[PDB]
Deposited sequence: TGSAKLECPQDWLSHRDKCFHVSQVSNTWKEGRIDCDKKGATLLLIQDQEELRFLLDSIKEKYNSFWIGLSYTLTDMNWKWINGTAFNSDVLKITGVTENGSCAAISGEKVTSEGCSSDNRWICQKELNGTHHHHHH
């Protein structure tokens, strides 16, 4: 079984890349696809706690693979299943790790992102 790319974070059977570059959520998805990855899908609280403790630049928000659409009236992951118990407000919003919590923000806002690769 193959190992994580040269300068990516390794946890369980997942590879993470934290961008230094910021853009819209749509443009974030495009950068992960160009990298042969997907936006971050948080499997558990352990994975979240790891990422936060390995970020260092905790003072910036990061897009994740979670968005709210009017068509479904629900929060859906990009994999693409509905979210189960995001501290904020729901309209035409996308999720992002802002501080030590998952926050709902406008999808047009410029934010960095976390790409993930599955092993």
Deposited sequence positions missing from the model - stretches, numbered from 1, in order
1-4, 90-94, 129-137
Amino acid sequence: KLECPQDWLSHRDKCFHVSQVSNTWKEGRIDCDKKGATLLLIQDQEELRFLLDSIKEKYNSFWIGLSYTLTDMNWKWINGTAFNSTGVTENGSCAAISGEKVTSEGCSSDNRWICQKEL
From here on, numbers count along this sequence of modelled residues.
Taking the recorded C-alpha temperature factors, which stretch has the higher mean, 49-57 or 27-35?
49-57
Looking at the entry, does 58-66 or 73-81 show the higher mean C-alpha B-factor?
73-81
Cα B factor band for residue 101 (lowest, middle or highest third within the chain):
middle
Lowest, middle or highest third - CA B-factor, residue 12
highest
Ordered by C-alpha B-factor within the chain, which third holds residue 4? Give me lowest, middle or highest, please.
middle
